[PDB]
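What follows is one structure encoded as structure tokens, with my remarks underneath.
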Amino acid sequence: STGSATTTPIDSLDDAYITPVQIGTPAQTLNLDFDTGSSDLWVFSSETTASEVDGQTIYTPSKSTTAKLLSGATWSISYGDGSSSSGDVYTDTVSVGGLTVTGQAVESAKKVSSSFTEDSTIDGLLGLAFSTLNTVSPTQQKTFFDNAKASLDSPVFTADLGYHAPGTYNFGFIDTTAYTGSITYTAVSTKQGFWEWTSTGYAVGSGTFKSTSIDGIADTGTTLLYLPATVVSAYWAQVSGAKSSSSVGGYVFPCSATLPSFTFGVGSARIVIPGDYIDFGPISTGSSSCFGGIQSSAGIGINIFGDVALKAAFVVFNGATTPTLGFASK
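Take the sequence shown: its position 3, counted from the start at 1, is 1398 in the numbering used here, and no numbers get skipped.
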């Protein structure tokens, strides 16, 4: 089997992407944030504290003939931006782009933090990291991809995120029309539960490539590219007027600036992030100061190849016995 679903930016900055997912019988369609940096499929629901729901579409398990409560099971998650959610657990039928998993753990939120409430466009998350990070207790549950794997034509999914445009998540096949040139594959460590890999270096604009190992994660659920302070300083040093602002929370630059591209290495291959992808717009409405899309990972504890990087590539998440990641230009 295979699946193919379009993913759509939630706003004009590509802050996140939403993908329609069918849950239950008859189908209830919710728009979920596919997150390769976490491993819980959780939804706003009929159980979510009423005051914490604001415009989201909710899953109502009592209206699904295929829903079953996983008795006694609970979940609770905290993300890198400090947001969180928690609740109880159902199993139900979940379909993405024509691909159906029966008995998928669907984690029903009883509580969500303010950032989730305040984002009316995101009805929940669909985790695509390794199931070892799943937060269900007492017994950890499998991700949608883990459950689908054995039925897939090939044990893979691909992320093809758009710049200011929709893109595609495919399951079970590689669309050879969706990229240019060849896909370069690179090793993955699952030791921390993430799609963790080592970039071979970087270049700024037309500069020479610096060969240096940068360990990080491929994370579709993080907006920006977070890299070591050395690398990030070297980038912004090439932008007139750029500076790190502690008050704003990162590097800012004059909105009038022309941003250089940023190249990262995948083995002997190279992915070029155009300068425009690094512009995240005014720091506040009407400001002539803009927020940078490449920021320091210092204090996160891990480097994160988030959407700014991933949307410059066609990315293969290969869930074979020995997992790998593939990157192609497009």
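Every residue gets a Cβ at the ideal spot worked out from N, C-alpha and C, and that includes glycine.
(request) Go through its chain and collect everything with a Cβ distance to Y1485's Cβ below 7 Å, but skip five positions before and after it. (result) Excluding five sequence positions before and after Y1485, the CB atoms of its chain that fall closer than 7 Å to its own CB belong to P1456, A1462, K1463, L1464, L1465, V1501 and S1503, given in chain order.
(message) Taking only three categories from DSSP, how would you classify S1663?
(response) Coil, per DSSP.
(message) Using only the alpha-carbon positions, how far apart do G1419 and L1494 sit?
(response) Near 14 Å, if we compare the C-alpha coordinates of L1494 and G1419.
(message) Assuming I1612 and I1697 are in contact, meaning their beta carbons sit under 8 Å apart, how far apart are those beta carbons, in whole angstroms?
(response) About 6 Å separates the CB atoms of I1612 and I1697; that is less than 8 Å, so the two are in contact.
(message) Checking 8 Å against the spacing of the C-beta atoms, do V1710 and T1553 come in under that value?
(response) Cβ atoms of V1710 and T1553: closer than 8 Å.
(message) Going residue by residue through the region 1424-1484, where are the continuous beta strand (DSSP E) segments of at least 3 residues, counting only ones entirely within it?
(response) Qualifying beta strand (DSSP E) stretches, in chain order: 1436-1438 and 1463-1473.
(request) Look at the Cβ atom of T1444, then the Cβ atom of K1505, and state whether they are nearer than 8 Å. (result) It is a contact, given that the beta carbons lie within the stated cut-off.
(message) Which of the three DSSP states is assigned to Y1672 in this structure?
(response) Helix, per DSSP.
(request) Could you tell me which residues DSSP puts in a beta bridge with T1658? (result) Its beta-bridge partners are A1598 and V1667.
(request) Kindly indicate the opening and closing residues of the alpha helix (DSSP H) around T1653. (result) Under the DSSP assignment, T1653 falls outside any alpha helix (DSSP H); it carries neither an H nor an E label.
(request) Return the Cβ separation of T1530 and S1577 in integer angstroms, given the expectation that the two are a contact with Cβ distance under 8 Å. (result) Not really, about 38 Å apart at Cβ, beyond 8 Å.
(request) Answer yes or no: do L1547 and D1430 have a C-beta to C-beta separation smaller than 8 Å? (result) No, the Cβ-Cβ distance between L1547 and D1430 is not below 8 Å.
(message) Whether or not the region 1612-1623 and the region 1631-1638 are in contact is what I'm after, with contact meaning three or more pairs of Cβ atoms, one per stretch, closer than 8 Å; do they touch?
(response) Under the three-pair Cβ rule at 8 Å, the region 1631-1638 does not count as touching the region 1612-1623.
(message) If you reduce the DSSP assignment to three classes, tell me which class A1582 lands in.
(response) Taken through DSSP and simplified to helix, strand or coil, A1582 comes out as strand.
(request) Answer yes or no: do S1584 and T1595 have a C-beta to C-beta separation smaller than 8 Å? (result) Using a Cβ distance threshold of 8 Å, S1584 and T1595 do not count as a contacting pair.
(message) To the nearest angstrom, how far is the alpha carbon of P1655 from that of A1545?
(response) Take the alpha-carbon of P1655 and the one of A1545: they are about 43 Å apart.
(message) Could you give the first and the last residue of the continuous beta strand (DSSP E) run that contains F1511?
(response) Per DSSP, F1511 belongs to no beta strand (DSSP E); it is in the alpha helix (DSSP H), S1509 to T1512.
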